[PDB]
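S.K.: Let me begin by handing over the structure; questions about it come next.
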Protein chains: 2
Amino acid sequence: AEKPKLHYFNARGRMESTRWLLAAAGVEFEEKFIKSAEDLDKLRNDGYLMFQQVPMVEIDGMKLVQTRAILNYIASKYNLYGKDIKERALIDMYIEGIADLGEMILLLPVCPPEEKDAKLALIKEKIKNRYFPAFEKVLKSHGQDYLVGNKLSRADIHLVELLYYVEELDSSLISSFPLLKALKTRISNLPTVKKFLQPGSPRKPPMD
Amino acid sequence: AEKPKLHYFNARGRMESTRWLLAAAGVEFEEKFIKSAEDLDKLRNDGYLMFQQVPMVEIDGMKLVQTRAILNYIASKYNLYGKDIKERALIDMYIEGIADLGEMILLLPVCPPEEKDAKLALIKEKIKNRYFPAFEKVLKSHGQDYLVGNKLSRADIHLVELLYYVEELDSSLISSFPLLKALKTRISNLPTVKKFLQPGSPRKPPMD
């Protein structure tokens, strides 16, 4: 049995959400860290990167690039992508909103120092006024433990991962959203997640 | 029978790829154009936009937002998303590469005049050295008419749509890629595509 190998820098970056998805699915993976530019060029020259970039994940005989292609495959393979086309549409809608917000938090470190302030103010404004209220309303509407189909899916995983990043940004943001707090707790206690949240797991630290 | 209604500005924007997908699938749709800010605010206040933004597509009882959620649903519903999990992984990988490049061409008009030159030079460099060679190699590898599974899929549609935008940017770019030229012709002749490519179709013009 082959363990998926994740090729990327030893960092959170664009590979973290995949790390969380595999860990939450209970899948064990190997990481092949890119230390130098020589490493990245070697991957390219071996014809391992379709569009010359990483993340790249070797899984089930394929060398998948593009974060979304990778996450979609894994979510499908481990039954984290809903029950049908309608459920996947809700999942996709929610996780694409999460990915818009997450793209902002992700690029924040590479943000121009002069902009680094308004950017971070924009991010917090969007979190309070757009995203958190949206997800809180979904949880509030059905009163269920999970975002979609009363069953664990990538939506819950991706959202909880994002709630940890927001917490790192400003622990006060989630305060007015009890249902999101509850979901964060509930998901963090899932055996697979808790183990990943523990020291020594493949989870990566904030980029400094 | 309900016809999907696309809510957006009377423009290409982020709604165009959906327009191409529905047209290529042979689905008839209605467009509810947003003329003023009052229109957009009305949609928001009606609770029609989950994350307060458009594109928004009313289809099968749902009000879907997020381009990818919309396209995924439509591609699945009309059998344009491959046969299985493995085929969808190739499709996703290819179309996410197309979407990275397309995001660049899409934002080009809103690009700072001082940057508008290097940006456009970066786009052309990536097209010649990264994306086109990648897709040409896929077509070359299996020698089939379609990108994935020897059957028409959203990958072919999304790629061909992108080839029209590149043509508008610089007709010379596709010259060294005969297989991509062939695919563009072959797909443009599909009855549904040809009709959409004809004057008077819902297809939108370049943003000026």
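S.K.: Provide, in order from the shortest bin, the percent of all Cα-Cα pairs of the protein assembly as shown in each 10 Å bin, continuing until the bin that contains the maximum pair distance.
M.R.: Result, from short to long distances: 4, 20, 31, 29, 14, 2, 0 percent.
S.K.: For B:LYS128, go 7 angstrom from Cα along the Cα-to-Cβ vector, then report the distances to that same point in the other copies in nm, smallest first.
M.R.: Distances between equivalent label points, in nm: 4.9.
S.K.: Scan the stretch B:1-48 for GluC sites (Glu not before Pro) in coil per DSSP, keeping those whose Cβ has at most 12 other Cβ atoms within 10 Å, and list them by number.
M.R.: Working: sites: B:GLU2, B:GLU16, B:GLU28, B:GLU30, B:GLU31, B:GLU38; in loops: B:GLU2, B:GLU28.
Qualifying residues, ordered by number: B:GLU2, B:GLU28.
S.K.: Additional query: Using the crude model of +1 on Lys and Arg Cβ and -1 on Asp and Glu Cβ, and no other charge, please compute the dipole size for chain A relative to its Cα centre, in debye to 20.
M.R.: Values: 32 positive and 29 negative charges, 119 e Å.
Computed charge dipole of chain A: roughly 580 debye.
S.K.: How compact is the stretch A:81-189 by the rule of thumb for globular proteins, expressed as Cα Rg over 2.2 N^0.38 Å?
M.R.: This ratio for the stretch A:81-189 stands at 1.09.
S.K.: Compute the separation of the alpha-carbon centres of the stretch A:6-42 and the stretch B:81-140 and state it in Å as a whole number.
M.R.: What the calculation gives is 23 Å, centre to centre.
S.K.: Taking only Cα atoms, what is the 0 to 90° angle, nearest 10, from helix A:85-107's long axis to the longest principal axis of chain A?
M.R.: 80
S.K.: Let me ask you something else. Can you give the charge dipole size of the stretch B:81-189 about its Cα centre, rounded to the nearest 20 debye, using +1 on the beta carbon of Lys and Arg and -1 on the beta carbon of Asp and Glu? Don't skip to the answer; put the middle values down first.
M.R.: Details: 16 positive and 17 negative charges, 97 e Å.
That gives the stretch B:81-189 a dipole magnitude of about 460 debye.
S.K.: To continue, here is another question. Using the Kirkwood formula over every pair of different C-alpha atoms, what hydrodynamic radius in Å results for the stretch A:168-208?
M.R.: Numbers: mean 1/r = 0.0846 Å⁻¹.
One over the average 1/r among Cα pairs gives 11.8 Å for the stretch A:168-208.
S.K.: Compute the Kirkwood hydrodynamic radius of chain B, taking the inverse of the mean of 1/r over all pairs of distinct Cα atoms, and give it in Å to one decimal. The partial results should precede the final answer.
M.R.: Details: mean 1/r = 0.0556 Å⁻¹.
Taking the inverse mean of 1/r over all distinct Cα pairs, chain B comes out at 18.0 Å.
S.K.: Counting only Cβ atoms, what residue of chain A lies nearest to the axis that sends chain A onto chain B, and how many whole Å off?
M.R.: So the closest residue, with its distance, comes out as A:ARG68, 4.
S.K.: Test of understanding: in a Gaussian network model of chain A with alpha carbons linked when under 10 Å, which of A:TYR81, A:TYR94, A:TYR165 would top the mean-square fluctuation ranking?
M.R.: A:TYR165
S.K.: Compute and list, largest first, the equivalent-ellipsoid semi-axes of the stretch B:11-124 from the alpha carbon gyration tensor, each √(5λ) rounded to a whole angstrom. Write down the numbers at each step before the final one.
M.R.: Working: eigenvalues 127, 114, 27 Å².
They are 25, 24, 12 Å, listed from largest to smallest.
S.K.: Using only C-alpha positions, report the orientation-averaged shadow area of the convex hull of the stretch B:52-101, nm², one decimal. Write down the numbers at each step before the final one.
M.R.: Details: hull surface 16.3 nm².
For the stretch B:52-101, the mean projected area of the Cα convex hull comes to 4.1 nm².
S.K.: May I ask you to report, in nm to one decimal and beginning with the shortest, the distances from A:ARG186 to the same position in the other copies, taking label points 7 Å along Cα-to-Cβ?
M.R.: 4.9
S.K.: Could I ask something else about it? Give A:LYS83/A:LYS128; B:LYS5/B:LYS35; A:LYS137/A:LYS195 a once-over and call out the pairs whose C-alpha atoms are over 19 Å from each other.
M.R.: On the way: A:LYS83/A:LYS128 31 Å; B:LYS5/B:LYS35 15 Å; A:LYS137/A:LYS195 29 Å.
The answer is A:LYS83/A:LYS128; A:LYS137/A:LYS195.
S.K.: What is the angle, in °, between the Cα long axis of helix B:132-142 and the longest principal axis of the Cα atoms in chain B? Nearest 10 is fine, range 0 to 90.
M.R.: 70
S.K.: Now for a separate question. Name the residue from B:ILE105, B:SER171, B:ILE157 whose Cα lies farthest towards the positive end of the charge dipole of the stretch B:81-189, charges +1 on Cβ of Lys and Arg and -1 on Cβ of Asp and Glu.
M.R.: Projecting each Cα onto the dipole axis, the largest value belongs to B:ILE157.
Note that each Cβ is placed from the backbone with ideal geometry, even for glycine, and that neighbours are counted across all protein chains shown. Readers should treat all values here as calculations from the given coordinates under stated rules, not as data from a laboratory.
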